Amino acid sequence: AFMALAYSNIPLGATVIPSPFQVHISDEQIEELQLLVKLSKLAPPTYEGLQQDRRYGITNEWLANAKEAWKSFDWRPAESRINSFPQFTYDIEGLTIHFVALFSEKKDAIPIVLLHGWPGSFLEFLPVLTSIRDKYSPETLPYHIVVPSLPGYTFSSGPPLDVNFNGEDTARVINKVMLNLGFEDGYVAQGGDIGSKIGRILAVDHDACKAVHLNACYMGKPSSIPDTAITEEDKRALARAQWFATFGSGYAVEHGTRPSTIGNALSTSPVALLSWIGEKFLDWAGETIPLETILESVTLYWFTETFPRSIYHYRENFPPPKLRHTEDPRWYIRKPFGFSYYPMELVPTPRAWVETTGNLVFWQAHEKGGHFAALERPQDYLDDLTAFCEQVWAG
């Protein structure tokens, strides 16, 4: 049905008109989820499950309380809030690509694509979009904001069943979203987690991406630095990165080597999926992420069968590459490159490290916030993004 929605006017110059989209999870799926949560079995007490500091992952107590809360969680109000933002799909290379958008009425608005990672989604950016639409009407909005679901995530289909699919394919398909909307003349990319790899690939390989801002730059100490110049904050950063490599990367190895096994396993029960993903919302955040937010994201993954389709990126590091992606001259960013440092990112990277990976024209450090920067610190994230775009955009 025709549905007028503010901020939904397709930019002049779009070559393909996207199909309007709204989320409508069926009643039977909602009923079913309540049943499957209720009847899920819980592990018995173990030494590891009783460690309240989560040294061995989620606690039994956390999971039992989350299961109880989930019984009464109501998807419909969350769905209504999602549907207050314009959403669309395109058909690109046989994939359905879902995206959220805020479109300006200004002919020369700055186009921006925001790129989520794993185990996130477009949901990570809705607080940011809320701030944007409260500050700007469609007529005063300086930007077009496009928040796509990566292939394999939520309402995006795929990846294909008959061919391998990697980060370069992801970037090519996301670039086509922006080209379809008429942004061949240029757009800015922003990414964290896997989205930071996609954003780097867009900036390095695709003409339409003119600049990129990242809040993650996964790398070791670059070989081109001969020194050890070491400050207290640099101490915390190296310690957290070392914690992540030794104790925090089980999911990377499992996703990267046996994605079919873990995808089959976590499809069986929503509480299996909650265990796996909840650990990351708890451990990776600087600002505590509310249980309701965790349940919302895991519920969305459950309804859309996201998890088994979402982990294809991880195998690109098996066997270990000759050079890490960020440390490879093949992927050095020559275009204007910005970075924001959040101290509880998984691998917090000092400026001197990041500078070895591209033409770093913008640097902003923060005192608060971790891996889920937009979700945890939406206004800090937005202030960085708009400052970067206004600094680098050349019309």
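One rule holds for the numbers: they count along the sequence shown, beginning at 1.
Inset, instruction - Report the stretch with the higher mean CA temperature factor, choosing between 234-242 and 84-92 on the basis of the entry. - result: Comparing averages over the C-alpha atoms only gives 234-242.
Inset, instruction - Using the B-factors recorded in the PDB entry, average over the C-alpha atoms of 287-295 and of 192-200, then report which stretch comes out higher. - result: Result: 287-295.
Inset, instruction - Name the one of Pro329, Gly358, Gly370, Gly338 with the greatest CA B-factor according to the PDB entry. - result: Going by the entry's C-alpha B-factors, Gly370 comes out highest.
Legend entry - Top residue by Cα temperature factor, when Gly263, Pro148, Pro142, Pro222 are compared in the entry: Most elevated C-alpha B-factor of the set, per the entry: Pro222.
Inset, instruction - Can you work out whether the C-alpha temperature factor of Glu68 puts it in the lowest, middle or highest third of the chain? - result: Highest third, going by the recorded CA B-factors of the chain.
Inset, instruction - Report the third (lowest, middle or highest) to which the CA temperature factor of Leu129 belongs, ranking only the modelled residues of the same chain. - result: It falls in the bottom third of the chain.
Inset, instruction - Tell me, lowest, middle or highest third: where does the Cα B factor of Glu31 rank within its chain? - result: Its C-alpha B-factor, which the entry lists for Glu31, ranks in the middle third among residues of this chain.
Inset, instruction - Sort the modelled residues of this chain by their C-alpha B factor and say whether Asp108 lands in the lowest, middle or highest third. - result: Its C-alpha B-factor belongs to the middle third of this chain's values.
Legend entry - Where the record places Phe2 (Cα B-factor, split into thirds across the chain): Ranked within chain, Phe2 CA B lands in the highest tercile.
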